[PDB]
Amino acid sequence: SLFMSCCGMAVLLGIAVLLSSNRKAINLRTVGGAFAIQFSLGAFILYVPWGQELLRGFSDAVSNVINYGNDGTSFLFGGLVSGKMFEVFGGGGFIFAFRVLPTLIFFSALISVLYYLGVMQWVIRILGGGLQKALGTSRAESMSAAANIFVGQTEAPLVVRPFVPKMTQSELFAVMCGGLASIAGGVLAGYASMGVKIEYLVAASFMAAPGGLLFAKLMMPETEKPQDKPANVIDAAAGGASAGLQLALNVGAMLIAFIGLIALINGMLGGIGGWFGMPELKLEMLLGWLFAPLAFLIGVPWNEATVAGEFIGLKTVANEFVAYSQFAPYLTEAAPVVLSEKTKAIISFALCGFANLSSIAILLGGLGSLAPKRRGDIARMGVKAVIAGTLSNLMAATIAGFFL
Amino acid sequence: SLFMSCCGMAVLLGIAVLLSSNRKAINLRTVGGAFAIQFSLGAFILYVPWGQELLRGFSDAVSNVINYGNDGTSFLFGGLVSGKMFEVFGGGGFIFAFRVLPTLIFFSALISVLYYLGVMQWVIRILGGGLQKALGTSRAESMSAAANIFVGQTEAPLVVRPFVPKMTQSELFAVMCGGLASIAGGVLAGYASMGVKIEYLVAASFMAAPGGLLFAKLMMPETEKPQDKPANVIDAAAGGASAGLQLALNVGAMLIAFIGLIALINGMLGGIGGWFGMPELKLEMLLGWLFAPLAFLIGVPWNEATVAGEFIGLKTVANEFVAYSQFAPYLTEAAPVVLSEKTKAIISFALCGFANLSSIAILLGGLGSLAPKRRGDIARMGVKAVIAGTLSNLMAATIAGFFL
Amino acid sequence: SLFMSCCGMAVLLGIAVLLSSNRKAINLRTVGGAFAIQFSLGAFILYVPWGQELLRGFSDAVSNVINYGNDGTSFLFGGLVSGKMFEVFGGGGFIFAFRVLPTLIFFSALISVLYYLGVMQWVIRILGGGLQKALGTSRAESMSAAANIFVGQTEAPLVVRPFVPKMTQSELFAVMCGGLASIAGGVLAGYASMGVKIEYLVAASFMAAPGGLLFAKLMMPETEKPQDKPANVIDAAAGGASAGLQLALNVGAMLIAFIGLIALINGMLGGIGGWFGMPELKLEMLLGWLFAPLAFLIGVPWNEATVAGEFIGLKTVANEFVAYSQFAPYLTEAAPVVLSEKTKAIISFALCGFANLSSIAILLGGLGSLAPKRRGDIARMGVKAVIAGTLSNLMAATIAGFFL
Ligand SMILES: CCCCCCCCCCO[C@@H]1O[C@H](CO)[C@@H](O[C@H]2O[C@H](CO)[C@@H](O)[C@H](O)[C@H]2O)[C@H](O)[C@H]1O
Ligand SMILES: CCCCCCCCCCO[C@@H]1O[C@H](CO)[C@@H](O[C@H]2O[C@H](CO)[C@@H](O)[C@H](O)[C@H]2O)[C@H](O)[C@H]1O
Ligand SMILES: CCCCCCCCCCO[C@@H]1O[C@H](CO)[C@@H](O[C@H]2O[C@H](CO)[C@@H](O)[C@H](O)[C@H]2O)[C@H](O)[C@H]1O
Ligand SMILES: Cc1cc2cn([C@@H]3O[C@H](CO)[C@@H](O)[C@H]3O)c(=O)nc2[nH]1
Ligand SMILES: Cc1cc2cn([C@@H]3O[C@H](CO)[C@@H](O)[C@H]3O)c(=O)nc2[nH]1
Ligand SMILES: Cc1cc2cn([C@@H]3O[C@H](CO)[C@@H](O)[C@H]3O)c(=O)nc2[nH]1
Ligand code: NA
Ligand code: NA
Ligand code: NA
C-alpha cells in the first residue's frame, strides 16, 4: 500500500547517495530540509483541503490566461482552430501545430512582460530567499531554483548571471539540476492544452525547486566556499514573442522528426524482431519492458507498470514533449488502455521535467554563454545532472502517488 | 464643417512648434513648402478629377500585383485559401496566416527585384530630388524620405548609407521621421488584403514623404551645415523572399502575442473595473475615451469620435498592424458599428504609419547598424521622432477628411 | 531512333570540350571512364533485369522511409493531411506546405543520424574510393562526388573540409560540379511526394557522381598536382531537424515568391506581347520555344519538345524545385497534355539537379566558409560549373531515354 511508496523514496535517495561525489560532505540540514519541503509541499497542495483550494485556484487562473492567449491564435488561424474542425475531421480536427505551438509564443511574451514589471523578480526573491534560509544553500543557486519554477533551464540562471562565472562546482551543478528537474511556464500551458491536468503541472513545477536542490546536494555536496532590458513594456512583449516563435518552430520541427524517426525505428524493429519470433516488436515495448520496474517502484500498480514505463522511458531517451504526445491519448475517452487516476498522476509528475541527455547540449549553449570558461565543467557534470534531475521528477511522482 | 478641419491642421502645427528644439531656427520655406506639397498632393489625388484617375489607376495596378502574388500562396496552401473555406467555416474561412502574411514575402521579393533593375532608385531619385529643390532640405534626407514611400523605416536609409554616419542631428532626425511617418510596400498590400482601401494606403504613403519632412523640420530645424548587391536578378528575388519570410514570422508571432495580451488585459480590466462599478471596462474603452478628442480634432464626427479613438490609440500604444486588425471588421457588412465613409477614410490615414514607441528599438537596430556611433543620438531623439511621425499621420488624415 | 540519342551524347560532350580550359590536358582515362561508368550505371539499373530489381528494391525502401516520416507531420497537422481533405477540397485538398515541406525536416534529421552512426561515411568511402581508383581523380574530390548522391552541395564537401582550402582549381571546380550535377536526399523525397517517380530520382542521384566528375574534368582538366560532432545520436537528430526546418522555411518562401513573380511576369508578358499581336504570350512559351531544340536533342519527340522545354528552361533560369512544381501536374490523370512515358522520364532526369545560377551564391556561402581565401576562385568558376552541372543532368537524361 503506502509502504511501497516510502520504499520508493528511500531507493531514490539511496541511488543519489551511492552516486555522490562525497557522501561524508553531505549536509544533513540541506538535504534533510530539501526533502522535507518537497514532501510537505506535496502534502499541502495534494492532501490538505486548504492547499488543494490554493492549487485549484492558481490552476484555474492559469487556465484563464491560456484562453485569453488563445484569442491571438484564433485571430491568425481562424476556422482552423474552431469547433467546426471537429464536425469535419472528427478527432483529427485538433491541429496540434495551431492549437499547442502558438501558446509558446504568447506565454513567452507574457513572462517577458512580467519580468519588465518586476513581478517575476518579486516572486522569485521570496521563494528563492525562503529556500536558502532553510537549506543553507547559497543565494544565487537558490534564486535560480525558484526561477526554474516559472521559466526554462537557460532563462532561469539569468537572474544571477554575474555570479555564474565564479560560482563553485556544487553551485553550478545545482543550477544545472534546477533546470533539468523543472520545465517552463511556456510548455506547461502547452502540455495543459494537450490534456495534461494543470494541477499536476503546477504542482510538479513548484516541487522541482526543492527537489532539484535535494538531489544536487546529495550527488554533489558543497566542498568549496561560495561568495556573497527592453526600453518599454511593449518592447518586452515583442522580444518575448520573438523568442517564443523561434522556440515554437524548434519544438515543431523536433516533433515531426522524432515521431517520424520513431516510426522508422518501429518498422526496423518489426523486421529485426521477426528474426527472433517477435515481429510485433516496437520501441514502446522495449522502453516499457525496461522501465516497468522503475514505474512499479514509484507507485504504479503491477498491471499498469509496463504502459507507464513506455512514457517514462521515452521521456528519458528523448524528451518530455515527445513523451506527453504519446501519453495524451491516454487522458481521453478514446484511450487504448484505461489507466487508474493515480497512475495518470504519477506519469504526469514523472514526465514533468527537462531531464534528458539532449538538454546537456542546450545547457552548454545557454548556461555556457554566461560563463564560457565553465563549459568544461558543464559537460563534465552533464550526465550526473540529468540523473539528479531525473531522480527529482521520480521523487515528485512518488510523493504525488503517496497522497493520492 | 470645413472650418473644424483647418483648426485641426493648425493645432497639429502648433504642437510641433511648441515642442521644437529651436522655433527661431525654423526655415519658413522648408516647413511652408512641405505642408504645401502634402496639402496639394492630397487635393490632387482626392479632389481633382485627373488626380483621382491617376490614384485609382495606380491602385488598380497594385491590386493586380497582389492577385499575381497570390498564385504563390495558393500553390503552397491549396484549398486552405480557396472559396470552399467560406462554404465550410463561413467568416472563419478566411485564414489570416495564409491570406495576409505570405504577401509580405512576395512583395519583399518584388521590391528586391525592382532595386536590382534600378527601377526603385530611378523613382526615388526623381521624387527625392523634387523635394530637396523645393524645400531646401539636404540630398540624403530627401532621398530617404522618398524611399520611405515604398519601403520600410530600416530599408529606406540604405539608399544613402554612406552619408548617415556624418549627417547632422536634424538630418538624422528627419531620416527617423521619414520612416515613422510612413509604412512599407510589403504591409500596404497586407492591410489591403485585410479590407483597407488601397487608394487610402497609396495616398497616405506618398503624403508621408512631405509630411515626414514637415514635422521633422518643425520640431528639429537644421542648426548645422549638411554635406554634399546580389549577383543576379534571381538572387535578388531569393534574398527578398528570405527577408520577407523572417518578417512574416515576426509579424505573425507579434499578432498572436499582442492580441492574446490584450485579451488578458481586458479580463483583468473587467475585474479591476468591477471594483468601481464598471465590470464592462476594457482596453478599447480606455483608448477610445482618451483619444476621442484627438479623433474629433482631425475631422471625425462627435458620435463616431470614441470608436475612432479606439483604433488610433491602439496604433499609438502598440503598432498599426494591431490597429488595422481591429478596424478591418468595421470595413465589412458585418460591422458592429456602421461608420461614415469619411470616418473610415480618416482612420485609414491616421493608422497608416509605423509611428509607435516600439519602432524606436527597431530604428536603433536597423538605422544604428549604418552608424554605430550614432545610436546615442537615435535613442535621444526617439520619442520626439515618434511624436513627429504621429503628427504627420494625423495631418494626412485631417487633409484627407477635408477634401472628403 | 536510338541514333538521335547517341548524337545527343556526342553534342553534350562536344560543348564541354569546346568550353574546356585546356583540351590538350584532358585525361582520356578520367573522362573516358567517367562517361563509361555513368553510361553503364544507366544500363545496369534501367535495362538489365537484375539492376532494375535493385533499383525498385532501393526505391521501395526509400518509399517506406517517407511514409514512416509522415507520421511526424500527421501528428502536427492532423486532419489537414488526412484523406478527408480530398472529400472537401478535391484536388486542392493536397496542401503542399504540410505534405511536402515537412519531409525536408525528417530526412535532414535522419541523414544527420546516419552520419553520427558512421553509416553515411561508410557508403561514401566505398563509392568515392571506387571512383578515384577507376578515374584517377583525387581522394577528396571523389569522396565529395559520392557524398553528393545523398546530401546537398553545401553539405557534401564537409567530409573533406580540411583538404578544401588547399585543393587545386580543378579539384575545387569538380567539388562545385559535384553539387550542381546532383540534388540531396531531403528534396528527393520532396519531389517524390509531388508525384515524381522515385526510381528516376534515385537513378539520377547516383549517375550524378560520375557525371559530375565527367564534365568537370572535360571543362576543367587537372593541370596542377593534388595532395594526399554532436554529443549523442539524439542531439544529431535534433540538429538535423533544426537545419531541415530552416531549409523548409527557405524553400517555402522561395516558392511563394517565385511562382508569384512568374504570375506577375506572365501578366506583363500578355500586355507586352499584345503589342506584337501575341496577347497570350507567357513565360512558359518563351522558355519552351527556346529550349525545344535542347529537349529534342536529348531524346524528346518532336511533338513534345516544346512542352519539355518549358520545364527544362524553368529549371535553368530559376531552380529545379520550381520546375518540378509545374511538371508534377503532368504526372497525374488531370494532366493538360498527356506525355509519353519516355518523355516523362527524360524531364525527370534533366530536372534532377541543383544546376542553376542561384546555386553559385549558395556555393559561395557554404563551400566558401570552408575556404574563405578561395571565394574568388568559386565566383570565377561559378558559371562554368553551372554549365558543367547542366550538361551532366542533360547527359543523364539522354542515357535514361536511350535505354527506355
Ligand atoms: C497593448 C497596449 C497596452 C498599453 C500600454 C501602454 C504603455 C506605454 C509605454 C511607455 O513606456 C515608456 O516608453 C519609453 C519609450 O521607449 C521609455 O523611454 C525609454 O526610451 C526613451 C527613448 O527611446 C528614452 O528617452 C528614455 O530615457 C527611456 O526611458 C520609457 O522608459 C518607458 O517607461
Ligand atoms: C523566373 C525566371 C525569369 C527569367 C530570368 C532569367 C535571367 C538570367 C539571369 C542572368 O544574369 C546574370 O547572371 C550572372 C550569374 O550570377 C551574373 O554574373 C555575375 O556572377 C558571375 C559568377 O558568379 C560573374 O562571372 C560575373 O562577373 C558576375 O556578373 C550576371 O551579373 C548576371 O547579369
Ligand atoms: C528516440 C529514442 C531512441 C533510443 C535512443 C537511446 C540512445 C541513448 C544515447 C546515449 O549516448 C551517449 O550519450 C552521452 C550524452 O551526451 C554521450 O556522452 C558524451 O557527453 C557526456 C557529457 O555531456 C560526456 O561525459 C561524454 O564524455 C561524452 O561521450 C555519449 O557519447 C553517448 O554515447
Ligand atoms: C518554454 C520552453 C520550452 C523549452 C524546451 N527546452 C528543451 O526542449 C525540450 C522539449 O520541451 C526540453 O526537454 C528541453 O530540453 C528548453 O531547453 N527550454 C525551454 N523553454
Ligand atoms: C514590410 C515591412 C513591415 C514592417 C514592419 N515594421 C515594424 O513592425 C510594425 C508592424 O507593422 C511596424 O509598426 C514597425 O514598427 C518595420 O520596422 N519594417 C517593416 N517593413
Ligand atoms: C535538402 C536540400 C535542399 C537544398 C536546396 N538547395 C538549393 O535550393 C534550390 C531548390 O531546391 C536548389 O536548386 C539549390 O540551389 C541547396 O543548396 N541545398 C539543399 N539541400
Ligand atoms: Na525550469
Ligand atoms: Na517607409
Ligand atoms: Na548533392
# chains A, B, ... in the order shown; residues from 1 in each chain; ligands from 1
>>> interface_residues(of="chain C", to="chain A", cutoff="7 Å", atoms="only C-alpha atoms", output="PyMOL selection string")
chain C and resi 65+68-73+76-79+84+105-106+109+234-235+238+241-242+245
>>> closest_atom_pairs(of="chain C", to="ligand 9", cutoff="7 Å", atoms="only C-alpha atoms and all ligand atoms", output="Markdown table")
| residue | atom | partner | partner_atom_place_in_ligand_line | distance |
| --- | --- | --- | --- | --- |
| C:147 | CA | ligand 9 | 1 (Na) | 6.9 |
| C:148 | CA | ligand 9 | 1 (Na) | 3.3 |
| C:149 | CA | ligand 9 | 1 (Na) | 5.3 |
| C:150 | CA | ligand 9 | 1 (Na) | 6.2 |
| C:151 | CA | ligand 9 | 1 (Na) | 4.8 |
| C:152 | CA | ligand 9 | 1 (Na) | 3.9 |
| C:153 | CA | ligand 9 | 1 (Na) | 4.7 |
| C:156 | CA | ligand 9 | 1 (Na) | 6.5 |
| C:178 | CA | ligand 9 | 1 (Na) | 6.6 |
| C:179 | CA | ligand 9 | 1 (Na) | 4.5 |
| C:182 | CA | ligand 9 | 1 (Na) | 4.3 |
| C:183 | CA | ligand 9 | 1 (Na) | 4.2 |
| C:184 | CA | ligand 9 | 1 (Na) | 4.8 |
>>> closest_atom_pairs(of="chain A", to="ligand 1", cutoff="10 Å", atoms="only C-alpha atoms and all ligand atoms", output="JSON lines")
{"residue": "A:230", "atom": "CA", "partner": "ligand 1", "partner_atom_place_in_ligand_line": "16 (O)", "distance": 7.9}
{"residue": "A:231", "atom": "CA", "partner": "ligand 1", "partner_atom_place_in_ligand_line": "16 (O)", "distance": 4.4}
{"residue": "A:232", "atom": "CA", "partner": "ligand 1", "partner_atom_place_in_ligand_line": "32 (C)", "distance": 4.5}
{"residue": "A:233", "atom": "CA", "partner": "ligand 1", "partner_atom_place_in_ligand_line": "9 (C)", "distance": 5.9}
{"residue": "A:234", "atom": "CA", "partner": "ligand 1", "partner_atom_place_in_ligand_line": "9 (C)", "distance": 6.5}
{"residue": "A:235", "atom": "CA", "partner": "ligand 1", "partner_atom_place_in_ligand_line": "16 (O)", "distance": 7.8}
{"residue": "A:237", "atom": "CA", "partner": "ligand 1", "partner_atom_place_in_ligand_line": "1 (C)", "distance": 9.1}
>>> atom_distance(atom1="CA of residue 114 (chain B)", atom2="CA of residue 188 (chain B)")
16.7 Å
>>> atom_distance(atom1="CA of residue 353 (chain B)", atom2="CA of residue 283 (chain B)")
21.4 Å
>>> residues_around(residues="region 140-143 of chain A", least_positions_apart="4", cutoff="8 Å", atoms="only C-alpha atoms", output="ChimeraX atom specification")
/A:124-125,127-129,131-132,147,159-160,163,171-172,174-175
>>> closest_residue(among="C:365, C:330, C:335, C:308", to="residue 351 (chain C)", atoms="only C-alpha atoms")
C:308
>>> residues_around(residues="residue 343 (chain C)", least_positions_apart="6", cutoff="12 Å", atoms="only C-alpha atoms", output="PyMOL selection string")
chain C and resi 295-296+298-309+311-312+327+330-331+337+349-350+397-398+400-402+404
>>> closest_residue(among="A:111, A:269, A:345, A:120", to="ligand 4", atoms="only C-alpha atoms and all ligand atoms")
A:111
>>> select_by_dssp(residues="region 59-89 of chain B", states="alpha helix (DSSP H)", output="list in words")
residues 59, 60, 61, 62, 63, 64, 65, 66, 67, 68, 69, 70, 71, 72, 73, 74, 75, 76, 77, 84, 85, 86, 87, 88 and 89 of chain B
>>> write_last_selection(atoms="N, CA, C and O atoms", output="mmCIF file, in the first residue's frame")
data_model
loop_
_atom_site.group_PDB
_atom_site.id
_atom_site.type_symbol
_atom_site.label_atom_id
_atom_site.label_comp_id
_atom_site.auth_asym_id
_atom_site.auth_seq_id
_atom_site.Cartn_x
_atom_site.Cartn_y
_atom_site.Cartn_z
ATOM 1 N N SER B 59 -3.640 52.314 -58.027
ATOM 2 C CA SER B 59 -4.187 51.391 -57.039
ATOM 3 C C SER B 59 -4.660 50.087 -57.674
ATOM 4 O O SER B 59 -4.467 49.010 -57.110
ATOM 5 N N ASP B 60 -5.284 50.186 -58.845
ATOM 6 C CA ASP B 60 -5.730 49.003 -59.573
ATOM 7 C C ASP B 60 -4.534 48.176 -60.026
ATOM 8 O O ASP B 60 -4.587 46.947 -60.036
ATOM 9 N N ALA B 61 -3.457 48.862 -60.399
ATOM 10 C CA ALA B 61 -2.211 48.198 -60.763
ATOM 11 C C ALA B 61 -1.645 47.443 -59.566
ATOM 12 O O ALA B 61 -1.221 46.296 -59.691
ATOM 13 N N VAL B 62 -1.645 48.097 -58.407
ATOM 14 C CA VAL B 62 -1.197 47.472 -57.169
ATOM 15 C C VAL B 62 -2.084 46.278 -56.834
ATOM 16 O O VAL B 62 -1.599 45.229 -56.406
ATOM 17 N N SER B 63 -3.385 46.437 -57.052
ATOM 18 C CA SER B 63 -4.351 45.379 -56.782
ATOM 19 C C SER B 63 -4.140 44.179 -57.702
ATOM 20 O O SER B 63 -4.437 43.044 -57.332
ATOM 21 N N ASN B 64 -3.628 44.434 -58.902
ATOM 22 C CA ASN B 64 -3.331 43.362 -59.846
ATOM 23 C C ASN B 64 -2.081 42.591 -59.442
ATOM 24 O O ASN B 64 -2.018 41.371 -59.599
ATOM 25 N N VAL B 65 -1.088 43.307 -58.925
ATOM 26 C CA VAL B 65 0.156 42.687 -58.481
ATOM 27 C C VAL B 65 -0.104 41.742 -57.307
ATOM 28 O O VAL B 65 0.488 40.665 -57.218
ATOM 29 N N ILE B 66 -1.002 42.153 -56.418
ATOM 30 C CA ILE B 66 -1.384 41.341 -55.268
ATOM 31 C C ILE B 66 -1.975 40.004 -55.700
ATOM 32 O O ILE B 66 -1.602 38.952 -55.177
ATOM 33 N N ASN B 67 -2.892 40.051 -56.661
ATOM 34 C CA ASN B 67 -3.527 38.844 -57.175
ATOM 35 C C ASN B 67 -2.515 37.918 -57.838
ATOM 36 O O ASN B 67 -2.588 36.696 -57.697
ATOM 37 N N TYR B 68 -1.570 38.509 -58.561
ATOM 38 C CA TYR B 68 -0.490 37.748 -59.173
ATOM 39 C C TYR B 68 0.347 37.048 -58.107
ATOM 40 O O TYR B 68 0.657 35.863 -58.226
ATOM 41 N N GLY B 69 0.699 37.786 -57.058
ATOM 42 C CA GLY B 69 1.470 37.234 -55.961
ATOM 43 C C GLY B 69 0.726 36.147 -55.212
ATOM 44 O O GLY B 69 1.340 35.266 -54.606
ATOM 45 N N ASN B 70 -0.602 36.205 -55.258
ATOM 46 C CA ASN B 70 -1.440 35.228 -54.570
ATOM 47 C C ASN B 70 -1.397 33.846 -55.211
ATOM 48 O O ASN B 70 -1.872 32.873 -54.629
ATOM 49 N N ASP B 71 -0.838 33.761 -56.413
ATOM 50 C CA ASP B 71 -0.660 32.471 -57.067
ATOM 51 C C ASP B 71 0.379 31.656 -56.314
ATOM 52 O O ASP B 71 0.314 30.426 -56.274
ATOM 53 N N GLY B 72 1.336 32.353 -55.711
ATOM 54 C CA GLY B 72 2.372 31.713 -54.925
ATOM 55 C C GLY B 72 1.824 31.064 -53.670
ATOM 56 O O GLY B 72 2.120 29.903 -53.386
ATOM 57 N N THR B 73 1.018 31.807 -52.920
ATOM 58 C CA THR B 73 0.470 31.300 -51.670
ATOM 59 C C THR B 73 -0.630 30.272 -51.930
ATOM 60 O O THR B 73 -0.848 29.367 -51.122
ATOM 61 N N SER B 74 -1.308 30.407 -53.066
ATOM 62 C CA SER B 74 -2.337 29.450 -53.459
ATOM 63 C C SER B 74 -1.720 28.092 -53.780
ATOM 64 O O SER B 74 -2.321 27.051 -53.519
ATOM 65 N N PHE B 75 -0.518 28.106 -54.348
ATOM 66 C CA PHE B 75 0.197 26.869 -54.634
ATOM 67 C C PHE B 75 0.611 26.158 -53.351
ATOM 68 O O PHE B 75 0.601 24.929 -53.277
ATOM 69 N N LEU B 76 0.986 26.937 -52.343
ATOM 70 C CA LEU B 76 1.571 26.375 -51.133
ATOM 71 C C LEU B 76 0.520 25.890 -50.143
ATOM 72 O O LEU B 76 0.740 24.908 -49.436
ATOM 73 N N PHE B 77 -0.619 26.574 -50.089
ATOM 74 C CA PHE B 77 -1.645 26.245 -49.103
ATOM 75 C C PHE B 77 -2.922 25.694 -49.734
ATOM 76 O O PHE B 77 -3.860 25.332 -49.026
ATOM 77 N N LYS B 84 -13.840 27.460 -51.058
ATOM 78 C CA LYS B 84 -14.505 26.391 -50.322
ATOM 79 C C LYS B 84 -14.418 26.622 -48.816
ATOM 80 O O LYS B 84 -15.232 26.104 -48.051
ATOM 81 N N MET B 85 -13.427 27.403 -48.399
ATOM 82 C CA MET B 85 -13.212 27.696 -46.985
ATOM 83 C C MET B 85 -14.376 28.480 -46.391
ATOM 84 O O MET B 85 -14.674 28.356 -45.202
ATOM 85 N N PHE B 86 -15.031 29.283 -47.223
ATOM 86 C CA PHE B 86 -16.163 30.087 -46.778
ATOM 87 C C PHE B 86 -17.445 29.262 -46.729
ATOM 88 O O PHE B 86 -18.354 29.555 -45.954
ATOM 89 N N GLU B 87 -17.514 28.228 -47.561
ATOM 90 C CA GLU B 87 -18.674 27.346 -47.574
ATOM 91 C C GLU B 87 -18.677 26.439 -46.348
ATOM 92 O O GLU B 87 -19.713 25.892 -45.974
ATOM 93 N N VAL B 88 -17.514 26.291 -45.721
ATOM 94 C CA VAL B 88 -17.366 25.386 -44.586
ATOM 95 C C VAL B 88 -17.274 26.121 -43.251
ATOM 96 O O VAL B 88 -17.965 25.769 -42.293
ATOM 97 N N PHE B 89 -16.421 27.137 -43.186
ATOM 98 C CA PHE B 89 -16.182 27.845 -41.932
ATOM 99 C C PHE B 89 -16.872 29.205 -41.900
ATOM 100 O O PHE B 89 -16.865 29.888 -40.876
#
>>> decode(residues="region 85-108 of chain C", atoms="N, CA and C atoms", output="PDB file, in the first residue's frame")
ATOM      1  N   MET C  85      -9.442  15.625 -46.582  1.00  0.00           N
ATOM      2  CA  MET C  85      -9.123  16.862 -47.288  1.00  0.00           C
ATOM      3  C   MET C  85      -9.528  16.791 -48.756  1.00  0.00           C
ATOM      4  N   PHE C  86      -9.495  15.587 -49.318  1.00  0.00           N
ATOM      5  CA  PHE C  86      -9.858  15.385 -50.716  1.00  0.00           C
ATOM      6  C   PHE C  86     -11.371  15.313 -50.891  1.00  0.00           C
ATOM      7  N   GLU C  87     -12.068  14.883 -49.844  1.00  0.00           N
ATOM      8  CA  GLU C  87     -13.522  14.810 -49.883  1.00  0.00           C
ATOM      9  C   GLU C  87     -14.136  16.203 -49.797  1.00  0.00           C
ATOM     10  N   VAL C  88     -13.354  17.163 -49.310  1.00  0.00           N
ATOM     11  CA  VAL C  88     -13.848  18.520 -49.098  1.00  0.00           C
ATOM     12  C   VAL C  88     -13.338  19.505 -50.147  1.00  0.00           C
ATOM     13  N   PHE C  89     -12.034  19.489 -50.398  1.00  0.00           N
ATOM     14  CA  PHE C  89     -11.427  20.455 -51.309  1.00  0.00           C
ATOM     15  C   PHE C  89     -11.084  19.834 -52.659  1.00  0.00           C
ATOM     16  N   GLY C  90     -11.266  18.522 -52.772  1.00  0.00           N
ATOM     17  CA  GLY C  90     -10.950  17.820 -54.001  1.00  0.00           C
ATOM     18  C   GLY C  90      -9.457  17.791 -54.262  1.00  0.00           C
ATOM     19  N   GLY C  91      -9.051  18.332 -55.406  1.00  0.00           N
ATOM     20  CA  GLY C  91      -7.647  18.396 -55.760  1.00  0.00           C
ATOM     21  C   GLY C  91      -6.889  19.366 -54.876  1.00  0.00           C
ATOM     22  N   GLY C  92      -7.590  20.389 -54.396  1.00  0.00           N
ATOM     23  CA  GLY C  92      -6.991  21.395 -53.539  1.00  0.00           C
ATOM     24  C   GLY C  92      -6.831  20.931 -52.104  1.00  0.00           C
ATOM     25  N   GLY C  93      -7.217  19.686 -51.839  1.00  0.00           N
ATOM     26  CA  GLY C  93      -7.087  19.110 -50.514  1.00  0.00           C
ATOM     27  C   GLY C  93      -5.644  18.779 -50.192  1.00  0.00           C
ATOM     28  N   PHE C  94      -4.832  18.659 -51.236  1.00  0.00           N
ATOM     29  CA  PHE C  94      -3.408  18.403 -51.079  1.00  0.00           C
ATOM     30  C   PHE C  94      -2.677  19.702 -50.755  1.00  0.00           C
ATOM     31  N   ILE C  95      -2.421  19.930 -49.470  1.00  0.00           N
ATOM     32  CA  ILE C  95      -1.741  21.142 -49.032  1.00  0.00           C
ATOM     33  C   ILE C  95      -0.229  20.955 -49.075  1.00  0.00           C
ATOM     34  N   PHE C  96       0.406  21.584 -50.060  1.00  0.00           N
ATOM     35  CA  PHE C  96       1.840  21.437 -50.296  1.00  0.00           C
ATOM     36  C   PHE C  96       2.678  21.770 -49.066  1.00  0.00           C
ATOM     37  N   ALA C  97       2.276  22.811 -48.343  1.00  0.00           N
ATOM     38  CA  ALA C  97       3.039  23.293 -47.196  1.00  0.00           C
ATOM     39  C   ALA C  97       3.146  22.243 -46.096  1.00  0.00           C
ATOM     40  N   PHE C  98       2.152  21.366 -46.013  1.00  0.00           N
ATOM     41  CA  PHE C  98       2.101  20.379 -44.940  1.00  0.00           C
ATOM     42  C   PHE C  98       2.435  18.975 -45.443  1.00  0.00           C
ATOM     43  N   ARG C  99       2.332  18.771 -46.753  1.00  0.00           N
ATOM     44  CA  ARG C  99       2.578  17.461 -47.350  1.00  0.00           C
ATOM     45  C   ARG C  99       4.032  17.259 -47.771  1.00  0.00           C
ATOM     46  N   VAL C 100       4.647  18.302 -48.321  1.00  0.00           N
ATOM     47  CA  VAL C 100       5.979  18.174 -48.907  1.00  0.00           C
ATOM     48  C   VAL C 100       7.086  18.765 -48.032  1.00  0.00           C
ATOM     49  N   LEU C 101       6.898  20.003 -47.585  1.00  0.00           N
ATOM     50  CA  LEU C 101       7.910  20.704 -46.791  1.00  0.00           C
ATOM     51  C   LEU C 101       8.381  19.981 -45.517  1.00  0.00           C
ATOM     52  N   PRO C 102       7.458  19.380 -44.732  1.00  0.00           N
ATOM     53  CA  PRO C 102       7.940  18.710 -43.513  1.00  0.00           C
ATOM     54  C   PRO C 102       8.881  17.534 -43.781  1.00  0.00           C
ATOM     55  N   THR C 103       8.816  16.969 -44.983  1.00  0.00           N
ATOM     56  CA  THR C 103       9.699  15.873 -45.370  1.00  0.00           C
ATOM     57  C   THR C 103      11.166  16.302 -45.315  1.00  0.00           C
ATOM     58  N   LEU C 104      11.419  17.570 -45.631  1.00  0.00           N
ATOM     59  CA  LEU C 104      12.769  18.122 -45.586  1.00  0.00           C
ATOM     60  C   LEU C 104      13.328  18.085 -44.171  1.00  0.00           C
ATOM     61  N   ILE C 105      12.442  18.234 -43.192  1.00  0.00           N
ATOM     62  CA  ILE C 105      12.835  18.217 -41.789  1.00  0.00           C
ATOM     63  C   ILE C 105      13.194  16.807 -41.333  1.00  0.00           C
ATOM     64  N   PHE C 106      12.340  15.845 -41.673  1.00  0.00           N
ATOM     65  CA  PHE C 106      12.544  14.464 -41.256  1.00  0.00           C
ATOM     66  C   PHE C 106      13.787  13.840 -41.887  1.00  0.00           C
ATOM     67  N   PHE C 107      14.003  14.097 -43.172  1.00  0.00           N
ATOM     68  CA  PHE C 107      15.136  13.493 -43.860  1.00  0.00           C
ATOM     69  C   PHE C 107      16.456  14.144 -43.471  1.00  0.00           C
ATOM     70  N   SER C 108      16.412  15.420 -43.104  1.00  0.00           N
ATOM     71  CA  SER C 108      17.605  16.095 -42.617  1.00  0.00           C
ATOM     72  C   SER C 108      18.002  15.522 -41.263  1.00  0.00           C
TER      73      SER C 108
END
